[PDB]
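Peer 1: Chains R and B, in that order, are what the protein sequence lines are.
Residues in the first sequence are numbered consecutively from 3264, following UniProt numbering.
Residues in the second sequence are numbered consecutively from 3264, following UniProt numbering.
There are 2 protein chains.
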Amino acid sequence: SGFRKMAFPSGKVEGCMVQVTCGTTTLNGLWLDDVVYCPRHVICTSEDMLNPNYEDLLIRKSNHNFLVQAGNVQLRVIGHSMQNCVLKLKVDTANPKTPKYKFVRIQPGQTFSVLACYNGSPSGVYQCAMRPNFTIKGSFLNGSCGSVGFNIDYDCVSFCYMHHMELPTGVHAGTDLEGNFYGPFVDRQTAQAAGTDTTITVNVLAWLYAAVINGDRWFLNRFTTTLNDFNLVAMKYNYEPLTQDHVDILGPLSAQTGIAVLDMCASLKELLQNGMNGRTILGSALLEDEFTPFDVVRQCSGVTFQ
Amino acid sequence: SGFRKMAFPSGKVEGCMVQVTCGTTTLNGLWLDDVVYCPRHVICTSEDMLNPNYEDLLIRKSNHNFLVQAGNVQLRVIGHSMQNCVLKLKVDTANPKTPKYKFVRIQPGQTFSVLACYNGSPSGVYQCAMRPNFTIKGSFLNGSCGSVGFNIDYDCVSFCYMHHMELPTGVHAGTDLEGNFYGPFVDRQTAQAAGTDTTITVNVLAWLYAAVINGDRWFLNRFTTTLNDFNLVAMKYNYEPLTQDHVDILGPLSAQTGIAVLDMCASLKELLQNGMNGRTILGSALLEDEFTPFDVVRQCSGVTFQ
Ligand SMILES: *C(=N)[C@@H](NC(=O)[C@@H]1[C@@H]2[C@H](CN1C(=O)[C@@H](NC(=O)C(F)(F)F)C(C)(C)C)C2(C)C)c1cncc2cc(F)ccc12
Ligand SMILES: *C(=N)[C@@H](NC(=O)[C@@H]1[C@@H]2[C@H](CN1C(=O)[C@@H](NC(=O)C(F)(F)F)C(C)(C)C)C2(C)C)c1cncc2cc(F)ccc12
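So, in structure tokens, the structure goes:
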């Protein structure tokens, strides 16, 4: 038992991280087969980054303008190109540690592990959700651009996120590995801002089920509610609507606990209207929304990866 | 910016995990050089584990009673011995992935990363503190015994914890890597129980400093307090006493924020007496005590490991 924000083991990703230098800018790259992926704003200078023009900036660069450090070993760049907001640096060595991988784009509401990196050196790993407003509440300092987010499905790494920038509220914005931003953000220094967020309802319900599995039951009640009357209540407290597909996804968790999905919604309703009255759930005094139903089945059942 | 419970990159530990089978019991082992370390209760049966007698049980075993799986590769056990509560299985192959390592025993109040493992296969990584009562609030299911806790200091893995057992409150107990239990727990099936805990005061203060660095300031005040009058207040709310050495350890964080340690104690005093009045700190509605001053300097400054 127990319940933690748990990241995937990071070793397979650690073996892909490298340092990319262009000019006086150093950031992180992802080395898979003979390509290094990194944020294209590496080619910008301080005054470039105000309103930059990346096709112009890139034609003025040469392969030798890019220094790639794999540990204490240098890699010749033998080619370069831009794909959307990432750079693809072709190098003369295939990464012998290349795992089986995929480039996937995730949905707001889904979770992933982030291997925070500086100078190509992994610093720490932690779990994030893609917020409904397409930001992530990460932990990132200067030099962390190019760090990636990922999931692991048995032996295959599905890369979903590359870090580009921190917004003024202290949340983080980036791209999928094809260089397309999550949300309405651009790799320029404008006045862009997150935009209003919502709470991920289906995830909160999944986490209430994790609590019941781990013995917290005080918030249960005999009451019930209909999907419509619940979705009424979610809308007032700035929660996302719950769909029938969310109810279906919660099926396994409902069956394991014996608590019908709509009954747990009645509990959530009461928790939203009454607060928690000084009690806690899974060590939290807030309703937690960054565990998916998958995540809960994962720790409360115990699946591994090889 | 941002602040997360962040684990160390786990790759160096992942390359050490193996599966140990003896009879019908399977658990995890740690393979360093030519030795596999694992909980000695692997040699027990269901009826053995009531009041077991390990020297007797071990002399009845042979090297071939121990099946060791390193991935899909078997390792001959060529020797076995007991050291306190762990088994040392000498195998015929040195682990080529053996990192630089140390076996260290930690203090209640310190933190570490846990690589949860099943059947020798890493499942997830997360951050824990050693509670004042020598338990850890982990996340562990059947088969997770033998999973290890660790810290990384540049390139060297300091192993501090091996998982043995779950107590009835759902917290976890185990040993250091020399086989000596943390706290008053035994690898028998008795009625043993955690025993009363306290909140780790110095860690809460470190986390308030992390909040100030990340822009939460509402809990600040001009007030001050003396160490004695604060330690008075800690004792009522079941917080550990704060020592002058704790104040010294908080020095760097005090200097970076401009908030004297004893001033932050006055803030903590008010937070304990008044609650938080519906506000949050670093996304928490509770005072968090599982980040050390080191941990805070680590994310709010950005140190890596190679
Ligand atoms: C990566 N190592 C670094 N990010 C950047 O350098 C990006 C990149 C240009 C500036 N920038 C920013 O993150 C800035 N933010 C913004 O322009 C905006 F708020 F998002 F609009 C800023 C002001 C330096 C934070 C471009 C936007 C393309 C990076 C990554 N994570 C965190 C930080 C924190 C920092 F203090 C500095 C740099 C960070
Ligand atoms: C490891 N794979 C497993 N732990 C054990 O098998 C240990 C080990 C014997 C029983 N045990 C326990 O953890 C039991 N707990 C206790 O006896 C006590 F409460 F701590 F006193 C119990 C009742 C099965 C949980 C010895 C004590 C030496 C393990 C590890 N982590 C979590 C779990 C959860 C489980 F449900 C079962 C086994 C677990």
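By construction, the Cβ of each residue, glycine as well, lies at the ideal position given by its N, Cα and C atoms.
Who are the Cβ neighbours of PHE3266 of chain B in its own chain at under 7 Å, not counting the five residues just before and after it?
Peer 2: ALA3473, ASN3477, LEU3545 and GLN3562
Peer 1: Between the C-alpha atoms of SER3564 of chain B and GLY3538 of chain B, what's the straight-line distance to the nearest angstrom?
Peer 2: 30 Å
Peer 1: Give me the Cα-Cα distance between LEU3313 of chain B and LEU3550 of chain B, rounded to the nearest whole angstrom.
Peer 2: 40 Å
Peer 1: From what residue to what residue does the alpha helix (DSSP H) around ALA3469 of chain R run?
Peer 2: 3464-3476
Peer 1: In chain order, what residues of the same chain have a beta carbon less than 7 Å from the beta carbon of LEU3290 of chain R, not counting five sequence neighbours either side?
Peer 2: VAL3283, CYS3301, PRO3302, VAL3305, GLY3406, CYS3408 and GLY3409
Peer 1: Would you decide whether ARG3323 of chain R is buried or exposed? Buried here means 16 or more other CB atoms lie within 10 Å of its CB.
Peer 2: exposed
Peer 1: Ordered along the chain, which non-local residues of its own chain (more than five positions away) have a Cβ less than 7 Å from that of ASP3311 of chain R?
Peer 2: Only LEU3320 meet the Cβ criterion.
Peer 1: Inspect the beta-carbon positions of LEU3483 of chain B and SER3530 of chain B and report whether they are closer than 8 Å.
Peer 2: yes
Peer 1: Is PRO3431 of chain R near ligand 1, judged by its Cβ being under 7 Å from some heavy atom?
Peer 2: yes
Peer 1: Can you tell me whether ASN3484 of chain B sits near ligand 2, meaning its C-beta is under 7 Å from at least one heavy atom of the ligand?
Peer 2: No; taking the cut-off as 7 Å, the Cβ of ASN3484 of chain B has no heavy atom of ligand 2 nearer than that.
Peer 1: Spatial neighbours of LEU3525 of chain B within its chain, please: C-beta separation below 8 Å, excluding the five flanking residues on both sides.
Peer 2: Excluding sequence neighbours, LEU3525 of chain B sits near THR3487, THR3488, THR3489, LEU3490, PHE3493 and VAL3510.
Peer 1: Got a sec? Which residues, its chain only, sit under 7 Å from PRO3371 of chain B by beta carbon, not counting five neighbours each side?
Peer 2: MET3393, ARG3394, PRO3395 and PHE3397
Peer 1: When Cβ atoms are compared, which residues of the segment 3359-3389 of chain B fall closer than 8 Å to chain R?
Peer 2: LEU3378, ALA3379, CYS3380, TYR3381, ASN3382, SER3384, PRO3385, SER3386, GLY3387, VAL3388 and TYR3389
Peer 1: For my contact list, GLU3441 of chain R and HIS3435 of chain R are in at a C-beta cut-off of 8 Å; report their separation, rounded to the angstrom.
Peer 2: In fact, because the Cβ distance is near 19 Å, the residues do not count as touching under 8 Å.
Peer 1: Output needed in chain order: residues of the segment 3276-3304 of chain R with a Cβ under 9 Å from some Cβ in chain B.
Peer 2: Within the segment 3276-3304 of chain R, the residues whose Cβ lies closer than 9 Å to some Cβ of chain B are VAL3276, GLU3277 and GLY3278, listed in chain order.
Peer 1: So is the beta-carbon of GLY3406 of chain R under 7 Å away from any non-hydrogen atom of ligand 1?
Peer 2: yes
Peer 1: Suppose the cutoff is 6 Å on Cβ atoms and the five residues either side in sequence are ignored; what does the same chain contact list for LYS3400 of chain R look like?
Peer 2: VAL3434
Peer 1: Who are the Cβ neighbours of residue 3213 of chain B in its own chain at under 6 Å, not counting the five residues just before and after it?
Peer 2: This structure cannot settle anything about residue 3213 of chain B, because the visible part of chain B is limited to 3264 through 3569.
Peer 1: Can you tell me whether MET3428 of chain R sits near ligand 1, meaning its C-beta is under 7 Å from at least one heavy atom of the ligand?
Peer 2: yes
Peer 1: Only counting the same chain, and skipping five residues up and downstream in sequence, which positions put a Cβ closer than 6 Å to that of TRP3470 of chain R?
Peer 2: Here the set comprises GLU3551 and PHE3554.
Peer 1: Compare the beta carbon distance of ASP3297 of chain R and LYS3363 of chain R with 8 Å and say whether it is the shorter of the two.
Peer 2: no
Peer 1: Looking at ligand 1, does it come within less than 7 Å of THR3308 of chain R, judged from the CB to the closest heavy atom?
Peer 2: No.
Peer 1: Is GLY3478 of chain B close to chain R, meaning its C-beta is less than 8 Å from at least one C-beta of that chain?
Peer 2: yes
Peer 1: Could you list which residues in chain B have their beta carbon closer than 8 Å to that of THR3567 of chain R, in chain order?
Peer 2: In chain order, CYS3380, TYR3381, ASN3382, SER3384, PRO3385 and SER3386 make up the part of chain B whose C-beta sits under 8 Å from the C-beta of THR3567 of chain R.
Peer 1: For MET3425 of chain B, does the three-state DSSP call read helix, strand or coil?
Peer 2: strand
Peer 1: Considering only heavy atoms of ligand 1, does any lie closer than 7 Å to the CB of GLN3519 of chain R?
Peer 2: no
Peer 1: Quick one: does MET3393 of chain R have its CB under 8 Å from some CB of chain B?
Peer 2: no
Peer 1: Taking just the CA atoms, how far does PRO3515 of chain R sit from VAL3566 of chain R?
Peer 2: 15 Å
Peer 1: Hey, would you say the C-beta of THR3438 of chain B is under 7 Å away from at least one heavy atom of ligand 2?
Peer 2: no
Peer 1: Among the residues of its own chain, which have a CB less than 7 Å from the CB of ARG3339 of chain B, if the five just before and after it don't count?
Peer 2: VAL3354 and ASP3355
Peer 1: Counting only Cβ pairs nearer than 8 Å, list the residues of chain B close to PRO3315 of chain R.
Peer 2: Under the 8 Å cutoff, chain B gives no residues; its nearest Cβ is about 24 Å from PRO3315 of chain R.
Peer 1: Ignoring anything shorter than 3 residues or poking outside the segment 3309-3378 of chain B, list the beta strand (DSSP E) runs there in chain order.
Peer 2: 3329-3333, 3336-3338, 3340-3346, 3349-3354 and 3364-3366
Peer 1: In the DSSP assignment, find the alpha helix (DSSP H) that holds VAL3449 of chain B and state where it starts and stops.
Peer 2: Here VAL3449 of chain B belongs to no alpha helix (DSSP H), and DSSP marks it neither H nor E.
Peer 1: Going by the beta-carbon positions, is the gap between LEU3352 of chain B and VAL3336 of chain B smaller than 8 Å?
Peer 2: Going by C-beta atoms, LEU3352 of chain B is not nearer than 8 Å to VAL3336 of chain B.
Peer 1: Looking at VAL3276 of chain R and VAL3367 of chain R, is the spacing between their C-beta atoms short of 8 Å?
Peer 2: Pairing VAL3367 of chain R with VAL3276 of chain R gives a Cβ-Cβ distance that is not under 8 Å.
Peer 1: How would you list, in chain order, the residues of chain B whose beta-carbon sits under 7 Å from the beta-carbon of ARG3267 of chain R?
Peer 2: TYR3389 and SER3402
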